[PDB]
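Asker: Questions regarding the structure given below will be posed in turn.
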RNA sequence: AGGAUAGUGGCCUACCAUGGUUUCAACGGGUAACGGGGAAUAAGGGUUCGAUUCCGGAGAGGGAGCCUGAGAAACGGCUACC
RNA sequence: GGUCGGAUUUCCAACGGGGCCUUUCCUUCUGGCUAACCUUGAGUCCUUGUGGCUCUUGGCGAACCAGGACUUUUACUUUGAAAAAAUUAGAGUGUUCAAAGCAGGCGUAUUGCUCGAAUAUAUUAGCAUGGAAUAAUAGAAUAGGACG
RNA sequence: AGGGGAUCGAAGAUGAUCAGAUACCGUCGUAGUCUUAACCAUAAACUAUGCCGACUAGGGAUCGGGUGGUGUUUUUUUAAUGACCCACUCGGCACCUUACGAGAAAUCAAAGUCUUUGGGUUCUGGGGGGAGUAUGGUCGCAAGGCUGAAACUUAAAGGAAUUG
């Protein structure tokens, strides 16, 4: 140390740092495209949904909120971004 | 931090650097506004409107996708409340604490929390009066607070 | 104003040595005396058109503006034809190289040609003694927005 | 609460200099900070610094050179006369030949010798030597 | 930090705080209260005349064993009786009793000097003559 | 509004209103306080004093009153008590 | 450079300024001394580096005096005047030196000339004046908004 | 003031001890100890370290939360889960080493960024006594609490560490 590059740090360092302590702070949460087996509808959900989102057709459960990332139901498929 | 506590947590929300995002959102901004309006007429506050929008839809930050903030859109569409959302929730919490104290007289801890909550209400009410969001000489009376929250 | 019994007192009120001769009838039918305050101030339209008497007005009265011109915020409008302003200022204490807030409440006569509320800023001009504590008179109301009509409950 | 962001910047800069770091990070990077850094940069007490433009307040990364003995703020920003500039330099500076007092005057944030040339004065900000 | 206000508009607070803490200085307190004017054998005056009432011998404090040969005298101007020390070899015979003497302080502004308890003044002149001149026989004491 | 003054002015009189000052210290108490120019000490910042040769004020034992007079509530002017 | 380390210059280095341009404020008629002339019917000869170019027909005059289709408020800071005199800092001045004082000095004493008696500081308040960094204050949000 | 009143126990009774013991010790023992409705508002109420904010050092733990896993696990011996292991992270009770710094030292990650002295702010102190007394005010039913001197007296009092 004692001579560092605060302007171009390693993405490994940026991966392990807190979201609010990076060089420029931004979210690490993402979004998911979700398919329920009942219908062919595609629905966007937030990774930290914190609410029990429901499909338009199968309007019972699509993801389950938790303290952090929402826990998707075992009867569905997801795709990042 | 924690103006009425000793905590020093951060636990904030770090919105992205992008101010025109997320480059995969296809719904029209007019569809978003009517989505907001029907939610307001359904009877939701701006905070819970935003989270419901952010989850059941792809709208990351409605201020980014639309041209106006949530509360600004409701006010421009004639759906703003008489008292702001955060002030209304503070008065709601104070009424709950006072209602508890009416029968649990010996709860000196609830008495302490009531003073802290009420002093929080008066500080917030001072800000809304000096910015003219509330009318002047608007006062939290602790006797008509039940009617304010219903 | 023009209404509400301008002549309500026990004695007739009208400014000295103006001949309102009831013989000839001109188009205006009445002679009203006014003037300009000088030093860039203007006589208000309400003073030229006014019906009040107010022998202490800088325009429709016998007082003249000379000496200090001051300004301040209005704090009290509870007494007739005069108000009190607050002239806040900073006083320098040399030993600490710092300042302390000080104020002086200045009682000032206000003409009915002007309409003021608590909180507005007015400019006043020195004249001869009017009463025991009055040595200034309102000459210009510097109210632009008013900060009073924006705090009403909305609909 | 943060009340003097310039004090936070200079304190972090001085602390990094004392421990011998070649670089330092600064937040929230006011333009008073940036102008203060520019005056130091011209006189050679620091090197290149880069402004990180996040959308909130900005950050600064300053490359130090070890030639800075101290930089500090004089809070509150006292009003200083032309004749009082000499008094502030005799107190705040270690020698008459070098060092500066940073003034914010109507002509811009400027040091005391350059302000002497312009015959202008303002409120004191700090010192560097 | 420093525990005191710093802002440009904190002049009033700094004045008031310093004014309150001036009352801890003993010089400032005595001067402001007029203690020497009000409660003091002299009226803030360096010298004062006294009429002798009795000659008394105070034993010197530890660790010195001796007799100090002082006199209890009464003040003409304010009616206060105080004790004054008679500094020299002898000079107890040049005070007699019921004489007129001149009194001045020891020089410790109170705080009875040395090992002589309960005395804050000393005799400079007696019967209108310097005690030093009488000690060296430069003059003569008056018969009155 | 009137009287009084040389004149503005609750200066005073009569009528009417309930006002005016204050924690940014009103009001009250003390001052062994006449104010200023200034004196001592003084690296800077400051501490204390200023009854006293210049300016301003007040008084001629303390009050009150008044004539003469441009100008006095005079005092080496007058009227009254103590 | 005939000018014994000695007494510079529109070739200029850096300083402290002003004006103009780049989307850049100076709100607006009232009258003319004809904008630091964006007009050369005519024309002033210093015999070929480059700053001493005449009577100029007008031709769009903010570098100017009050009627207002003229006013965000300060704090701060620069400059200017006033801040009695004496005292203080200080120039001149053999009271024999000195404290001092504001005098004195010079002719051939033929019957006379002359210098002075400066200067600076003297805060905080008030008045103009240049600046718009720092610090505070206000505006168009149900437009009761500006522009003709 | 009412209720409760097992135990222990200011007062007290009492057996010892002692030169005397109305102290330590032993046997009991009233008020208290508990509760309700009101008082009081003081503790070495202590980390003898005000609150907020930034930076400055090297570790292994641990509490709560979240994220990830060429991970384990009893169930389906290859599903959530839950419990563990490993790696980060935020906030917390703290620890160990070293002080580059600070301090008079003990020692301190703050008691550091301090004559190279200014991030914001509140409170407190000016040698020891007299004295937390007098007096005045205020609160309490009292006990007492808060505020709070002076006269006078004195060359020391006190902190940390060394040797005996």
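Note that the numbers count up from 1, one per residue, in the order the chain is shown.
Placement of Cβ uses the backbone N, Cα and C atoms for every residue, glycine included.
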Asker: From C:14, C:42, C:101, name the one Swiss-Prot lists as ubiquitin cross-link.
Answerer: C:14
Asker: From C:23, C:35, C:55, name the one Swiss-Prot lists as ubiquitin cross-link.
Answerer: C:55
Asker: Looking at ubiquitin cross-link as annotated by Swiss-Prot, pick the matching residue from C:95, C:150.
Answerer: C:95
Asker: Give the three-state DSSP assignment (helix, strand or coil) for residue C:95 (ubiquitin cross-link).
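Answerer: The three-state answer is helix.
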Asker: Work out the three-state DSSP category of residue C:147 (ubiquitin cross-link).
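Answerer: Note: residue C:147 (ubiquitin cross-link) is coil by DSSP, not helix or strand.
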Asker: Over all shown protein chains, what is the count of other CB atoms within 10 A of the CB belonging to residue C:95 (ubiquitin cross-link)?
Answerer: 9
Asker: Inside 10 Å of the Cβ of residue C:147 (ubiquitin cross-link), count up the other Cβ atoms and send me the figure.
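Answerer: Its Cβ has 12 other Cβ atoms within 10 Å.
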Asker: If you count Cβ atoms within 10 Å of each one, which of the recorded sites C:14, C:45, C:55, C:56, C:78 comes out on top?
Answerer: C:56
Asker: Considering the recorded sites C:104, C:132, C:140, which residue's Cβ sits among the greatest number of other Cβ atoms within 10 Å?
Answerer: C:140
Asker: Nearest by CA distance to residue C:45 (ubiquitin cross-link): which of the recorded sites is it, out of C:55, C:56, C:95, C:132, C:140?
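Answerer: Of all the candidates listed, C:140 is nearest in space.
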